[PDB]
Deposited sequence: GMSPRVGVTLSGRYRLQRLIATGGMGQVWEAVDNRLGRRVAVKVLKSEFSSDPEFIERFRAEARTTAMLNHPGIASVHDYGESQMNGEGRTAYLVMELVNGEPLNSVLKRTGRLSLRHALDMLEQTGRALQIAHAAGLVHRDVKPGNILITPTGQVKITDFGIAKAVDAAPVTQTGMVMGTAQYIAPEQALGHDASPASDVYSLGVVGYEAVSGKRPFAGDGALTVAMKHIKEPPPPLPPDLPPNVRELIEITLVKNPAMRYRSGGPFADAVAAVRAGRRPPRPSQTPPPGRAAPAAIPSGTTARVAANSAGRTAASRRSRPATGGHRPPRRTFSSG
């Protein structure tokens, strides 16, 4: 089995945390330091392609070099052989002590305006660090937005494998669903979807299947937000849910600045003009 396997003679896997399309996330013990960490073990299929392993190493190095409280640190990364499974790429990261936003939203339903706006600004600020560094999260969803006991937001599970090539569809950006490469603006869109849910109590798009919800992200415009909400909060979310990524806030920073303005009582600032590349 996978349990008990010490990757590179250092990371001993113990318990399964998450399961996804890119691979599995395991709770492992670091032989070297003794600390418990989170290890994302990628599938053997991606590892077999040489073009992937090159781009993964490059994206992992830049993500690890990131130092910000709002981001769950990436400690290490590499490749380890397992008997019968072959050479597979892994990623080592911070084992965050907190509650994920999806859990919070299941209990609370609809967050208070003060709290919803606070986490949006925090997530934006944290994303900007990655965006400035040339990285894109690619998987912004409440599951990856962790809330510490103090109240600080920590972003987990960066889309590193998506960089090297239902729950995914519920927050997917239109350009992502269409097959185009993600950009910081895609994270802004997905955080808008998170915002819409946090402020209204319901997601903008639903369906029987994932393909149905993903198509709603491409074609269907978002349903109007509750009338009892302030117009400024309503506008801020509607701006980020625009299908054309050029018409949204370039990155997390400009979005966070906009959230701050709404918190002050001002209309959300207009996104800067798109320069011609």
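Enquirer: Could you list, start to end, the deposited-sequence stretches with no C-alpha atoms?
Expert: Since the structure holds only modelled residues, the stretches it omits are 1 to 3, 169 to 178, 291 to 337.
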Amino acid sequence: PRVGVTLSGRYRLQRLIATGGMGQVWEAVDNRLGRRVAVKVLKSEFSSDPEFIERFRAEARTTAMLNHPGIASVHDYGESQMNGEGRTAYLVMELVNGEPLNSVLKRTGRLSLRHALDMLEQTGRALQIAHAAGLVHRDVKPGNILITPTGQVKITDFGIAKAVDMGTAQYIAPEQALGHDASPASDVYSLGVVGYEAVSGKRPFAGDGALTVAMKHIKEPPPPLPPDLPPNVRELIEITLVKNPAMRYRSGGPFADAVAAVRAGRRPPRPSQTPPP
From here on, numbers count along this sequence of modelled residues.
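Enquirer: Could you check which stretch, 244 to 252 or 37 to 45, carries the larger mean CA temperature factor in the entry?
Expert: Looking at the recorded C-alpha B-factors, 37 to 45 comes out higher on average.
Enquirer: Per the record, averaged over C-alpha atoms, which has the higher B-factor: 137 to 145 or 84 to 92?
Expert: Mean CA B-factor is higher for 84 to 92.
Enquirer: Out of 120, 130, 193, 163, which shows the largest CA B-factor listed in the entry?
Expert: If I rank 120, 130, 193, 163 by C-alpha B-factor, first place goes to 163.
Enquirer: Given 78, 124, 100, 184, identify the residue with the highest C-alpha B factor in the PDB entry.
Expert: Max CA B-factor in the entry, restricted to 78, 124, 100, 184: 78.
Enquirer: Ordered by C-alpha B-factor within the chain, which third holds residue 32? Give me lowest, middle or highest, please.
Expert: Answer is highest: the recorded C-alpha B-factor places it there.
Enquirer: Per the entry's values, where does residue 108 land by CA temperature factor relative to the rest of its chain, in the lowest, middle or highest third?
Expert: As the PDB entry reports it, the C-alpha B-factor of residue 108 lands in the highest third of its chain.
Enquirer: Using only modelled residues of the chain, where does the Cα B factor of residue 60 rank: lowest third, middle third or highest third?
Expert: For residue 60, whose C-alpha B-factor we compare with every modelled residue in the chain, the answer is the highest third.
Enquirer: Using the B-factor values recorded in the entry, state whether the Cα atom of residue 152 falls in the lowest, middle or highest third among the modelled residues of its chain.
Expert: As the PDB entry reports it, the C-alpha B-factor of residue 152 lands in the middle third of its chain.
Enquirer: According to the PDB entry, is the CA B factor of residue 70 in the bottom, middle or top third of its chain, that is, lowest, middle or highest?
Expert: Ranked within chain, residue 70 CA B lands in the middle tercile.
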